[PDB]
Visitor: 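Quick one: the structure is below, questions incoming.
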Amino acid sequence: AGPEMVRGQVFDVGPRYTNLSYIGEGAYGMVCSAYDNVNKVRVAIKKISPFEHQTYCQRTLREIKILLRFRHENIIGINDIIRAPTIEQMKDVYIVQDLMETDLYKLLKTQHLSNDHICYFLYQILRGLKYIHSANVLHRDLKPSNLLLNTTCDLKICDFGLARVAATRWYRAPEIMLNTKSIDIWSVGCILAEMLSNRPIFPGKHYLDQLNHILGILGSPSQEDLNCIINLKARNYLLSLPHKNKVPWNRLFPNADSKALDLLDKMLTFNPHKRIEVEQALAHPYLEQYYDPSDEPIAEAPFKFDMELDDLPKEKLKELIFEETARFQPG
Ligand SMILES: Cc1cnc(-c2ccccc2)nc1-c1c[nH]c(C(=O)N[C@H](CO)c2ccccc2)c1
C-alpha cells in the first residue's frame with residue numbers, strides 16, 4: 001500500500017497501522033486515529049518531527065520518559081513506539097496510544113455540562129494531578145485540549161512535553177508573568193470556571209493583558225499578593241492601574257453550585273502560598289461524592305531526570321530519544 005498521508009504529513013506506520021484519520025495537531029507533529037490489525041482496535045498515533053530544534057527534542061524525551069514510568073487511570077500511557085531502525089534514518093517518531101472519544105475543548109465547544117459531570121471531570125483531573133504531583137512533577141500545560149474523554153466519561157491527562165521536576169497563556173498562573181505545584185492548581189481553577197460557563201475565564205492576548213483579565217475578576221491585589229520578586233515592568237504596570245473591584249463568584253457564575261465556587265475561589269487565589277493543594281482540593285466538600293483516598297494512588301517514588309536535559313545539544317538528545325525507544329524494536 002505504501003506510506004499513508006494525512007493533511008500534508010506522511011505516516012510510515014504500516015502494515016500494522018492502516019486507514020489513518022486526522023484527530024489533532026502540535027507545534028512539531030500530528031495526531032491520527034489508525035486501525036491496529038494485531039489488537040483489532042482503532043488506536044491513536046502521534047507523529048513528532050523534533051530533530052531540527054533542541055527545545056522540541058527535550059520536550060519529546062521528557063514526555064516519553066515520564067509516560068513510560070507513570071501508570072495511572074487518569075494519565076495517558078504509551079503502548080508502542082515506531083521509528084527507523086538506524087539513528088541516521090530517524091527523522092520521525094510515532095507514539096502509539098489509547099484512542100479516546102473526545103477532549104474537553106471539543107466537549108465545551110458543543111455541549112453544556114450538568115453539575116454532576118463538572119464535579120466528576122474535576123475529580124478525575126485532580127485524581128490524576130495527585131499522582132503527577134506525588135512523583136514531584138509539574139504538568140505546566142493543563143487546558144481542556146489536554147484533557148481526553150472516552151465514551152463512559154473517563155478522563156485522561158495528555159501532553160507531558162512541558163512537564164518538569166518540581167505554556168498556554170489563558171490557563172497560566174499570575175506568578176509566571178510576575179517572576180511550583182501551585183501553577184497546575186491555577187490551571188485546574190481556569191478549567192473548572194470554563195466548565196461552568198463554556199468560555200475561558202481569562203482570555204488574555206499578551207502577558208500584561210492576561211494579568212489585567214485576572215485583576216478584572218479578582219480585583220486589585222493586596223500588599224501580601226505583591227510581596228515577591230516581581231518584574232519591574234509588570235510591577236510598575238500593576239501600580240499604575242486604577243482600583244479594580246472584586247467580581248463575586250456567584251455573580252460571574254449565577255447558577256453554579258455554591259461548593260464549586262468555594263473550591264474555584266481556593267484554586268483561583270492570586271498568592272500561590274495561599275492556593276489550595278491537590279490533596280486539599282480532593283478533600284473539599286464539592287468532590288465528597290467521589291472522594292476516596294483508598295482509590296487515589298500516588299507514584300511509587302519521586303521522578304528525576306539523571307541528565308541536565310536543558311544543557312544537552314540537539315544531537316545528544318536524538319541519541320537519548322533513539323535509546324529510550326530501543327525497547328519497542330523487534331530484538
Ligand atoms: C493520545 C490521544 C488519543 N486520542 C485523542 C483524541 C481522540 C478523539 C478526539 C480527540 C482526541 N487525542 C490524543 C491526544 C490529543 N493530543 C495529544 C498530544 O500529545 N498533543 C500534543 C499537543 O497538545 C502534541 C505535541 C506535539 C506534536 C503533536 C501533538 C494526544
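Counting convention: from 1, in listed order, for ligands and their atoms alike. Positions are given from 1, in the same order as the sequence printed here.
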Visitor: Determine whether the aromatic ring centres of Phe270 and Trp186 lie less than 6.0 Å apart.
Guide: no
Visitor: Mind telling me whether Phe121 and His117 have parallel, tilted or perpendicular rings, with 30° and 60° as the class edges?
Guide: tilted
Visitor: Does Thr60 come within less than 4.0 angstrom of ligand 1, counting non-hydrogen atoms of the residue?
Guide: no
Visitor: Once you restrict to heavy atoms under 4.0 Å, what part of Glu101 touches ligand 1? Side chain, backbone, both or neither.
Guide: backbone
Visitor: Starting from atom 1 (C) of ligand 1, what is the nearest protein heavy atom, named by residue and atom, and what distance separates them?
Guide: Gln97 OE1, 3.4 Å
Visitor: Please write down residue, atom name and distance for the protein heavy atom closest to atom 6 (C) of ligand 1.
Guide: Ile23 CD1, 3.9 Å
Visitor: May I ask you to decide if the ring planes of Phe305 and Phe303 are parallel, tilted or perpendicular, using 30° and 60° as cut-offs?
Guide: perpendicular
Visitor: Give the residue, atom name and distance (to 0.1 Å) of the protein heavy atom nearest atom 23 (O) of ligand 1.
Guide: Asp159 OD2, 2.7 Å
Visitor: Verify whether the ring centers belonging to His139 and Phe160 lie closer than 6.0 Å.
Guide: yes
Visitor: Which of these, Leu155, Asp159, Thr102, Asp103, sits in a side-chain contact (heavy atoms from CB on, under 4.5 Å) with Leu147?
Guide: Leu155
Visitor: Would you mind listing which atoms of ligand 1 come within a distance below 4.0 Å of any non-hydrogen atom of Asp103?
Guide: 10 (C)
Visitor: Can you list every pair that meets salt bridge (charged side-chain N to carboxylate O under 4.0 Å, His left out) and has a residue in residues 108-127, with sequence neighbours left out?
Guide: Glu73-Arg127, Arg127-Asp295
Visitor: Please find the pair of heavy atoms, one from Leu162 and one from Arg140, that lie closest to each other, and give the distance.
Guide: O-NH1, 2.7 Å
Visitor: Counting from 1, what ligand 1 atoms have a heavy atom of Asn146 closer than 4.0 Å?
Guide: 23 (O)
Visitor: Relative to ligand 1, is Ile48 under 4.0 angstrom through side chain, backbone, both or neither, heavy atoms considered?
Guide: side chain
Visitor: Considering only protein heavy atoms, which is closest to atom 30 (C) of ligand 1, and at what distance to one decimal place?
Guide: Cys158 SG, 4.0 Å
Visitor: Mind checking whether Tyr35 and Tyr17 have ring centres under 6.0 Å apart?
Guide: no
Visitor: List every atom of ligand 1 that sits less than 4.0 Å from any heavy atom of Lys46, numbering the atoms from 1 in the order shown and giving each element.
Guide: 18 (C), 19 (O), 21 (C), 24 (C), 25 (C), 26 (C), 27 (C), 28 (C), 29 (C)
Visitor: Give me the residue, atom name and distance of the protein heavy atom closest to atom 4 (N) of ligand 1.
Guide: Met100 N, 3.3 Å
Visitor: When you look for heavy atoms under 4.0 Å from ligand 1, do you find them on the side chain of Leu148, its backbone, both, or neither?
Guide: side chain
